[PDB]
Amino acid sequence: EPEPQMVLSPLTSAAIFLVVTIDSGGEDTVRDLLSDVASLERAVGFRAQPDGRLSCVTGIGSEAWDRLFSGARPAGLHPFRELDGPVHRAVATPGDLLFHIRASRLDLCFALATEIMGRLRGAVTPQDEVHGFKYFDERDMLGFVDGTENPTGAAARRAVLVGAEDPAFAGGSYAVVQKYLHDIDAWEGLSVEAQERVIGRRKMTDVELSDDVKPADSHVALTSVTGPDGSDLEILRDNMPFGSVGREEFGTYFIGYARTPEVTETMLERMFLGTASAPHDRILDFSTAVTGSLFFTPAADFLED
């Protein structure tokens, strides 16, 4: 039965992330837009086929769900949980709707964003807008290849899409976003070897460091989680650089999709609160989260009504 949104997108080099809150009285305007967003996606993107690769994934937060709909809630939907670690904090910030807009070119992203916000004028308040761009060798702002170990094909379907465990919402997914700002001057004072020790992979060749040399507090060490049976727990990420040279903002916009938020939240706890072997993820010594929100991205059929 259920047609998912375009959560599993091809590689795209541009993105717009748009996070808004729904104002008092705005619920009907929002409901109308949600039922049309797929046809807007086609209107803007069809004529730019096949290279445009335009898609929009729409997500709805826990409090907004209760304002918009009655009846069943997705089983895993709750507000993003703040993490107050000994050193680093993951903040929770307001957000009722997410539009994750991706394409091969920024203009297509912007054209679709314009149409969406045009219909929502007067009903919502912008909280965050980020124009992301991938570097040409899939590198992020820290200079490392970003995306390598994402699951693909059936492994990805199994990791990201709600199934039989919550059958009313099958084909949906849960998205966590965080906007990170980096301290680039501190980062660039590390040697490459030191940087590799923070991430857990070689910088130029993107080969994973072996088990015997990878630090316990490296990013890859802490975000590798096995579940009860010893299989790996996976998420699908599509992190995007963004910034402004004039204001000295250099950032990574983190977005992670998973079939239940528990996987993403466990990775976050390991990063921010630590383990027995690690105080915290070393990447956080160069990266500060300034937003944090959780959304449910329903199956596309759910929005079509």
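Residue numbers here begin at 1 and follow the sequence given.
For the pair 26-34 and 64-72, the mean B factor over Cα atoms is greater in 64-72. With 163-171 and 216-224 compared on mean CA B-factor from the PDB entry, the stretch scoring higher is 163-171.
Comparing the C-alpha B-factors of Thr275, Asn239, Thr58, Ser244 in the entry, the top value falls on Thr275. Listed residues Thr12, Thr288, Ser293, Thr297 were ranked by CA B-factor as deposited; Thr12 comes out on top.
Looking at the C-alpha B-factors along this chain, the one for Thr266 belongs to the middle third.
When all modelled residues of the chain are sorted by CA temperature factor, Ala111 is found within the lowest third. When the modelled residues of the chain are ordered by their C-alpha B factor, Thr148 lands in the lowest third.
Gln178: CA B factor lies in the lowest third for its chain, per the PDB record.
Among the modelled residues of its chain, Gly52 has a C-alpha B-factor that falls in the middle third, as given in the PDB entry.
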